[PDB]
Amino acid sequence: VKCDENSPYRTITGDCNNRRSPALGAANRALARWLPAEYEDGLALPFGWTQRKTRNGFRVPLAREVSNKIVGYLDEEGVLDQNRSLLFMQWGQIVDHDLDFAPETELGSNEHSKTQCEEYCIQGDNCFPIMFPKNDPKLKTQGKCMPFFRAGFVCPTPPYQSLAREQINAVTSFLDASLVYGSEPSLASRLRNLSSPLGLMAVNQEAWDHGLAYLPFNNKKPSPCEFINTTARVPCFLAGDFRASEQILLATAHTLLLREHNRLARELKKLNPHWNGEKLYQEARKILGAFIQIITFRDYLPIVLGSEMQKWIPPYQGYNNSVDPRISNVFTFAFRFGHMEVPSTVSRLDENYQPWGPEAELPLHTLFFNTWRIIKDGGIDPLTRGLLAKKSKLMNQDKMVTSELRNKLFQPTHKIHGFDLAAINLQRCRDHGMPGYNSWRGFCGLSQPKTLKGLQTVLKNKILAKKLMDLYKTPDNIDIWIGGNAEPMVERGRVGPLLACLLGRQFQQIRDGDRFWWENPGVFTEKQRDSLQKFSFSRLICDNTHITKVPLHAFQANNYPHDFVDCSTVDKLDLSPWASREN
């Protein structure tokens, strides 16, 4: 609404980052388009919508079928990443939720369409069902489809007619910890503790974790968290991002970062007793945002992109106001490579890092929107230790997405643990008008295979290639998500050539087009920056939990106790440079 022009703090909505073009990178604006949208009717209808209309002369294969033939597997053995901890997967979902969010279309609350899609699977308006192919076990037990609703679009929401359909991004594009503080002014206020001039975030008043805080409970019912265990009746958490409680390990990480804020706020009040509530809030919020960018750019990306890091994200050279900081519509699918790094089980470890109880290891599908396991079954220390001592799932061309997500995904709106995140992603690329695989290979200056043989050389897998061509008939029709994720991985990274390019650009753009990047001269002081350079996730753990043994590099596979050192050996964030002298 109004730019404070000389304020040292970002705005909640993301606006005013860029001075010439203020709304650039703000929340609730359209996702940027690196390539023109590709729709069946060229304006808004997705491919596969009208059964009869081909795409490049062929019918596009059912989402769920690509899922059955290509994406699934049975044997969970040998599937773990020998050199990436569970935190690797987990930090990616956080960076993701900070950068993008395409909410489904609403116009539903006392609607018979939410039921007309569920119940009868009739395609129409925003109901874009995922039909089950013949010979699918879910036909026998669930029905004929999986409800799916088209994502929201800008200008409107009601029917509409004008330009090409452009999806919304309900979050700020800048990597600014928006998932902790919120992207809307009204949500950001609700989240704060405006009862005490201490600038703290609100916490739970109904439950505590060893004197430590828990995220507040969401006031609104019906709550999906209460549904998964009608007896424990524990609601979902209230955070800066709506998906916070999507799965137990994500809500855990959310709790660690809320704790970090309040922790910084009370450490600041001590140094600068004179500062007011707004000042405390903003200054702590500014440090946390710097934390996300450091962990992400220093420790996280280098091991995702690998040898391709320098090629796409060169050394920083200053803020460049000509760079488009917005998240592209394709990034929101490229970053979903993370779905293939999610393992089937989640563990809880005790203080010696040994199983925690009878039921220490649990199926991933039992943890969706599961808040009672945290509150009523041990706190978050057992879960955090799991994130360090356990490994992520390694993407494997023969074993892409675990059945826990592939067949038992729980959707907050519906009542069953029977959705398919793989089919949903594929159905979502189409919903978003994504160009085919070769269109992106070309955008990244990569060869564009046209024959079966060609696809074998790119994928370096004869069988996978063969299945892809039987379903798609032409590499030009292959959906980006499954296309980019089937490529072999680059040296020392976790995604192939296409995915590296798409990720690389985005991250280099949101870092170079951010007026408030931490390394941006004038945003912090040389001394403040000297301090921040020491932030580490290991330390975040030491200061916000009761764990005392942690690894120096929490993202790699670490074995206990050999790789775990005592919290004393881990560098601290010296907040002294934030002391402000009067006269």
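Start at 1 and count along the sequence shown; that's the residue number.
When the C-alpha temperature factors are averaged for each of 297-305 and 114-122, which stretch ends up with the higher value in the entry?
Mean B over CA atoms: larger for 114-122.
Between 35-43 and 53-61 (mean CA B-factor, as deposited), the higher
Here the higher of the two C-alpha B-factor means belongs to 53-61.
Among the choices 328, 366, 93, 161, identify the one whose CA B-factor in the record is greatest.
So the option with the highest C-alpha B-factor is 161.
Going by the CA temperature factor in the entry, name the top one among 499, 234, 249, 342.
In this record, 234 carries the highest C-alpha B-factor of the candidates.
Among the modelled residues of this chain, does the Cα B factor of residue 229 put it in the lowest, middle or highest third?
For residue 229, the deposited C-alpha B-factor lands in the highest third.
Modelled-residue ranking by C-alpha temperature factor, third containing residue 514:
Its C-alpha B-factor, which the entry lists for residue 514, ranks in the lowest third among residues of this chain.
Among the chain's modelled residues, which third holds the C-alpha B-factor of residue 451?
Middle third.
Relative to the other modelled residues of the same chain, rank the CA B-factor of residue 360 and answer lowest, middle or highest third.
CA B-factor rank for residue 360: highest third.
For residue 28, return the chain-relative third of its C-alpha B-factor as stated in the PDB record: lowest, middle or highest.
According to the entry, residue 28 has a C-alpha B-factor in the chain's middle third.
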